[PDB]
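> Pasting an experimental structure, sequence included:
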Amino acid sequence: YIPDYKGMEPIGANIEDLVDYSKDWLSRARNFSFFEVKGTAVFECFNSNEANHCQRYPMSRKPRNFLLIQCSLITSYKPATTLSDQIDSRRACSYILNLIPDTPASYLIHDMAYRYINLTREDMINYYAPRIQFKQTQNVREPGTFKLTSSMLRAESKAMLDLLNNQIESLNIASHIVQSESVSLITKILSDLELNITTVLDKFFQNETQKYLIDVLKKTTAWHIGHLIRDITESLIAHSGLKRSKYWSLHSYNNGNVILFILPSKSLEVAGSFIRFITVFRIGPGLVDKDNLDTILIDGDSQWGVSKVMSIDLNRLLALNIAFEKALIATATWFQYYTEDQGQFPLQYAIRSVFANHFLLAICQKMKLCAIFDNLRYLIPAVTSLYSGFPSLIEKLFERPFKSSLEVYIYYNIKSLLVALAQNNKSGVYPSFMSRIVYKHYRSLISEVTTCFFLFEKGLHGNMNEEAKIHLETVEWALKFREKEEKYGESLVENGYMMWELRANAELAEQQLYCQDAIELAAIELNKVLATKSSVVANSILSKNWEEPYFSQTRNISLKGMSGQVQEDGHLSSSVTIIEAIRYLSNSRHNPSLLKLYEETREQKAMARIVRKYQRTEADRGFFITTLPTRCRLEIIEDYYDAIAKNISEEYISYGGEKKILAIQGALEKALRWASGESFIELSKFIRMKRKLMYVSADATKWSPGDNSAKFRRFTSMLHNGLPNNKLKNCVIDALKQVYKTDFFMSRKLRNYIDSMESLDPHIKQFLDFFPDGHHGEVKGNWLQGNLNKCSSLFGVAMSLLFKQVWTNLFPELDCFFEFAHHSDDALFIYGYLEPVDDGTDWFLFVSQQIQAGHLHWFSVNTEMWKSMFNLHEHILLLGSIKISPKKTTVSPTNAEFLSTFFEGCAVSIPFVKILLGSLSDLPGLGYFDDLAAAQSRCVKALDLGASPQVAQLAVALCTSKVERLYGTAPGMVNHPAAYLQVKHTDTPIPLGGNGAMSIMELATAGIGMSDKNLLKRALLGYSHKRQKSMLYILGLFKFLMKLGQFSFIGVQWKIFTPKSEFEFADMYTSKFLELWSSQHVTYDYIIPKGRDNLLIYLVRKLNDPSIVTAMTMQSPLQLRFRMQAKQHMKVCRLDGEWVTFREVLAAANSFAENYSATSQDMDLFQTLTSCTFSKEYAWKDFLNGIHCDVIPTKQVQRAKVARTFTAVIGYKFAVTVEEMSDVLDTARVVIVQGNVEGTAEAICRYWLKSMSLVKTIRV
RNA sequence: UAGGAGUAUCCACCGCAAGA
RNA sequence: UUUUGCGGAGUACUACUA
Ligand SMILES: [Mg+2]
């Protein structure tokens, strides 16, 4: 119970010592860490890097492939149908056999066509046929495949087969020939993609967006090529199954114009697999790269271009499947941004070229382009801002090799764009990256380069090259810490250097080293604010689970991964958190408290493993999987520092995930309020000075790696709380002491890769030297990333306040404003300075007099006071292990960025493409209702974040169509409700299918399942008006669902991810024991037991619950997407605990609802269910239907945007035993709107209705 | 090099029977 | 290193906050 700990004793250093040190520091000429942006400077950087690039990578004469799928279209494309497929295949094979092969790929294509066209009739009846109507015919062993034996191949075909089944260089970007060729080729590709092929919601949609965006895009070749590529990717997905990838296959599209030959390949349901295919197409306008075509066969007034043997992974294939939809979403978002910026609808040519560019980017899913765009998204803020570290960003840009031809075009475009942006510094002009039109607001530009960036999927890195990269950042900084320990001394590095040591050395102010006096002073300045709210601090600290038993919280028993025990091999075993909780409970006598658990697990060493986050950035970041004692320590420290963090301002990680924007906008508004007026400074009779603001959007170089975790200890020893005795503080200090050293474990993938290396070249031996035994190494000082995320931000705020106090002491005469926002490494600093008026000759005289008086430090305030302010702030932050990165820090007079949001004065620009495009590339997979809700719920989030209602409606339509195609619910597919349900496909329960297309306003206000609920109401109304059999029929379906993600009446699994093995402790108790015990203790399904035996039984039951079990197995997203698209035709419905097709569930529902009769209990339950629970949602739709809209003549000039807000005992009810009594007793939406819109719950809906038209204002 | 990735050597399938 | 006949091959995912 809180063991006695030695704690720490204050050093008692004075603030005046730091003031004297700062005076000495500022009495000298200090170089600036940033470079002012100029067109000449950017041009010089580009020229020098271009000249020096050729010496780094070997020169290459052959630009490499950049198109994953090459296909050309000349006529309108219709969706593929099985009959529209057989005839196309016949004509296509006739055309191919007419041709003459040239290359081995052409020989393989010819052999495939000759084999296909000579298949007998019986196979082709079995071909193109479903599973039920399919039989093996000695030539077709799967519904859509055919066998091609090696004996049925020519010499060149088997040579190509042997090639398939049997140093980095960069293009000379400095040359003008390479740039000219790349630009000429990609301009031609874009031009061919741009060619033309020979209620209130719907009213406004058709008037504004459909007429000006969709109607324009319906005729472009990019639209129909995207449809064709969707068809090709669907054919590849169907063929890539676990039983169809063995054999070959031929498909045809566009009247035999595009022919897809799928070769045998590893099935995509296995890791490290590629789908291998060829595509033959008549040469014409389209996505044709003639240089990288394998062959161009020639016939009479015909050119058939045969592409190379492409190998596409599952991620790129699924990206290409949704390429057209992603391009359309991106184009609609631009369209909205252009309308907001220029106030008029974009012209035809611009809206066609933008769509072509977005589609081309969506098709070319390559990592090099993703890295280039990731660098560009940081380069653009650098050149626009007044001061930034743009030379470092340009060097990183030039780091990569430009092997492809698309990368050279993108590089040329970004070079021209950056030179133009820098030349127009000092409502400005901002040229568009894809279009010729210029912009009036910077938010529009950084939002076309963000939307362009987000078209690339997550996880395009190498599966083994990037596994070794994530360890390097940790190992290199651990080695640097070891070097500092050996050089300066272990005691000095861990404890910290005194002020006099820094003064004598003047080199100790480095990363991974902290100054004891600085830490104490920062803690004192934080206590200066904590003294007022000491009572609240004590209350919040005691509100933390200090005495509540462990493993009774959601965090301590969850599905999150956790390091297990060191295996016999030596690697750190990976396991579920709940598994480790069950183990510990089984190996313990009683459920322990947090502090008791810390007492038992204090001696054990912290251990961790690093695993990829699968990001879309240039370099993948890794997150650390920590073991159980490490989790306990980190929980103690994070709870103690989260209690304090919530009680002070300028701390933004402690705030909510939605309140951050509100708080930062309030801070910016306060800063702007200070800017009003003028400051009078005493001559000692006043001088007038103009108040000016400067925003520094900062980002620390290294937060986790380049840090010393010991600096918190002394900090914790000085932070003042309202607790009577410093016992909890001592416990937290001890926990910080025990987390100093960590056993960083190399991943299994990396150790196998290094074991199979066979030649340990340099830069790998040095990395392997960190692990002495070859499996783990000691990391000191570094607290693993993610952990301690609130303590670090609190420390940063403390250091910022220390700098503020130091600056106030240094220059008492001047009045300056300081606003700080610290969200972990991300930070924003608003400094205020007094610029003199009329040349400030009196100000210069005052400065000269001050220097003559004896103040040698005033040499840093005569001109550009903000430079001195930032220099002192950076140095004082460097007294701790906080270095502000010269690379990704921007100094601007007007614009700013914080938390990946852009601020122009008080205006905030939340990107919503991250949300819209995210609604299309993933799915929970729990069920059709649970997928539709997830797809629609994201589009509501975008609508809150600033998406226009028309763009949100279009994205909703695209997501609904994609979901319907995925599960087959769409009309004309296998799982169409209308065929087996005696309905119009509109009055079908949502869990069973039916039209999920809803008004965006209905989802925004009423809810996501609203239509389903509406159905019930309508049905009930029928049964209360006409006693119609149809309504009674709908009533039977709802009862059927209840007898058989959001919480409602849903029809129990559609997810198929069942485990391949039983878990470690799933069989601890027999099923009879759990079945009896669940009935004996009814409440335990609502609250978590606090007794070991009861908690152990509850956890074991949680291990045997199918709902929990299926969630553990699902670890890799989009594999459910692939499996659903491959097998919507059969194998899954969860009918009476049996895996059958969904059609049988539809038939069973039909039978049940046909043999269903109305009873008093069910009807009364339905009447209560519809009236009571939905009493608020029905009113929401009634308000929507009780509204009217009319357009008044006035163009919509958007104003500044703001952020607003949208506005236990059950265990007692069934409680029986005294232990249950104790258990229950112990247990007990931000939106972006305009300026004029208030925070009323209905005013936001009124604004959403008002913003229906992007150009013409309307009145509600 | 036919593709993905890369100035980290990777992925691009696994077994049996029978014949050479 | 190959040919034929068979059978198969379900993807490690942290604390953080509404
Ligand atoms: Mg930032």
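Thanks, I have it. Numbers count the residues shown, from 1 in each chain, chains lettered A, B, ... in the order given.

> The longest strand anywhere in chain A pairs with which strands, parallel or anti?
The residue-count maximum for a strand in chain A (DSSP state E) belongs to strand A:686-699. Paired with strand A:686-699 in the same sheet, following DSSP bridges, are strand A:678-682 (antiparallel), strand A:826-836 (antiparallel), strand A:890-892 (antiparallel).

> just checking, what packs against the longest helix seen in chain A?
Ranked by residue count, the top helix of chain A under DSSP state H comes out as helix A:465-488. Judged by 3 or more CB pairs under 8 Å, 6 or more residues apart in numbering; DSSP states H and E, helix A:465-488 is in contact with helix A:490-495, strand A:606-612, strand A:622-626, strand A:741-745, helix A:748-755, helix A:765-768, strand A:776-780. All C-beta atoms are positioned from the backbone trio N, CA, C, and that covers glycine.

> what comes up buried for it?
Buried residues in helix A:465-488, counted by 16 or more other CB atoms under 10 Å: A:466-471, A:473-475, A:477-482, A:484-485, A:488.

> so which of the strands paired with strand A:686-699 comes closest to residue A:539?
Proximity to residue A:539 (CB to CB) singles out strand A:826-836 among these, at 28.6 Å.

> is the closest one up against RNA strand C anywhere?
No: for strand A:826-836, no contact with RNA strand C is found by CB under 7 Å from any atom of the strand; the gap never falls below 11.8 Å.

> after that strand comes which helix or strand?
Proceeding N to C from strand A:826-836, the next assigned helix or strand is helix A:841-853, under DSSP states H and E.

> elements contacting that next one?
Judged by 3+ CB pairs under 8 Å, 6+ apart, helix A:841-853 is in contact with strand A:686-699, strand A:826-836.

> any idea of the angle it forms with strand A:826-836?
100 degrees (axes from the mean of the first three to the mean of the last three CA atoms, to 10 degrees).

> Would you mind pulling up the elements that the helix or strand following helix A:841-853 packs against?
Downstream of helix A:841-853, the next assigned helix or strand under DSSP H and E is helix A:865-879. When contacts are defined as 3+ CB pairs under 8 Å, 6+ apart, helix A:865-879 sits against helix A:15-26, helix A:789-810, strand A:826-836.

> what's the spacing between helix A:865-879 and its chain's center?
The chain centroid and the centroid of helix A:865-879 are separated by 33 Å, computed with CA atoms, centre = their mean, to the nearest Å.

> same deal with stretch A:1067-1084?
The answer for stretch A:1067-1084 is 40 Å, by CA atoms, centre = their mean.

> for stretch A:1229-1239, same thing?
That offset, for stretch A:1229-1239, works out to 25 Å (CA atoms, centre = their mean).

> List the buried residues for it?
Neighbour counts over stretch A:1229-1239 (16+ other CB under 10 Å) mark A:1230-1233, A:1237 as buried.

> what's the farthest-apart pair in those?
A:1230 and A:1237 (13.3 Å).

> Which neighbours do those two have in common?
In terms of CB atoms under 8 Å, 6 or more residues apart in numbering, residue A:1230 and residue A:1237 are both contacted by the residues residue A:1204.

> on that earlier part again, wondering if the longest helix of chain A reaches RNA strand B at all.
Yes: Helix A:465-488 reaches RNA strand B (CB under 7 Å from any atom of the strand) through A:465, A:468-469, A:471-472.

> So which of the residues you listed is the closest to residue A:635?
Using CB to CB, residue A:471 is the member of those that sits closest to residue A:635, with 25.9 Å.

> OK, contacts around that closest one?
Per CB under 8 Å, 6+ apart, neighbours of residue A:471: A:610, A:622, A:746-747, A:750, A:767.
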